[PDB]
Structure formats: C-alpha cells, structure tokens
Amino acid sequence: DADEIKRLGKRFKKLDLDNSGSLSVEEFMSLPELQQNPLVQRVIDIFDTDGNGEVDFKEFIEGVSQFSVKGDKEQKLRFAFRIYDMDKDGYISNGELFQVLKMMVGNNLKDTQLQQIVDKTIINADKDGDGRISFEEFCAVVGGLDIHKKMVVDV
C-alpha cells in the first residue's frame, strides 16, 4: 500500500506521544478503549518482532497488514496461533496455554480448574505425543470455527 502506509503513518505519529519513533505499552494504554482489553499485551508482543518491548513503524505496518480483507483463512489462523505461542517457537506449550487463558479468564477459574482443562485440551489435540500443540494440530482443532471471518480491519 502506498497511501495506506501514509495514513497509518498519521495514526502512528499521533500515538507516539514522546515522538520516539516507537510505540511503548504505556502509549497504547493511553487510549481508554484499550485499558480494559486483556489481549493488548499479547498483540503488542506479537507486533514487537525484535523483542525490544516497543513497536517501531515497520513492526506496526506488518502487524496491521495481518488483518486485511485479502488475507486468507490460513493467515488469520496463524495470527490466532501467535496469540497463544508466547515464546514464538512454533509450539503452544502447556504453560503458555495456561498463561494466555489466565489473562482472559481472570478470577473466574481457580488455578487448579484452569490447569485441568489446559491438560485435557492438549491431550485431546496432541496427535504426535510431544505434549505441545503445533500449528497443524491447532488448525485441526479450530478448523471449523470460521474465526478468520471475524479478524478484519479496514486499514
């Protein structure tokens, strides 16, 4: 995108309070509509490709372009997988799946209950027996949900 980058540039500069050239967690948390969204810290971490804790402009572009209308099903499923794969190694481990669910559920489940349903989801979905969930195993489980359809933004 030519003018689509230029328009994103506008919103980027508006968000970059301290004009550093990068967006800090604090700077995303300045928008009040994000303050009660427990997935903001996951989305930032995913956009933050170099792991420095902030989102630079290139990171911002490439992150946002994951949510285009053109994007096919597999690409959206990839983004959803990244939500759970905290360490970015390609496999959702028991600890990761627990921690990410914990962000969303809050106090609604006890730790012991959450751990039990994490274990059972992994056992049921773990076709190759390594105790972790690969992208292939992930797609087999969530394949029929059509959530790709509800992951679109007009950029």
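Superpose the two forms; the largest set of C-alphas matching within 1.5 Å is the rigid core. In this text, residue numbers run from 1 along the sequence as written.
Asker: Relative to the presented form, and with the rigid core used for superposition, do the C-alpha atoms of 107-115 or of 94-102 deviate more in 8 other deposited structures of this protein?
Answerer: It is 107-115 that deviates more in 8 other deposited structures of this protein.
Asker: Of the two stretches 130-138 and 21-29, which shows the higher Cα B-factor on average in the entry?
Answerer: The deposited B-factors put 21-29 ahead on the C-alpha mean.
Asker: What stretch has the higher average Cα B-factor here, 62-70 or 47-55?
Answerer: Stretch with the greater average CA B-factor: 62-70.
Asker: Per the entry's values, where does residue 34 land by CA temperature factor relative to the rest of its chain, in the lowest, middle or highest third?
Answerer: It belongs to the highest third of the chain when residues are ordered by C-alpha B-factor.
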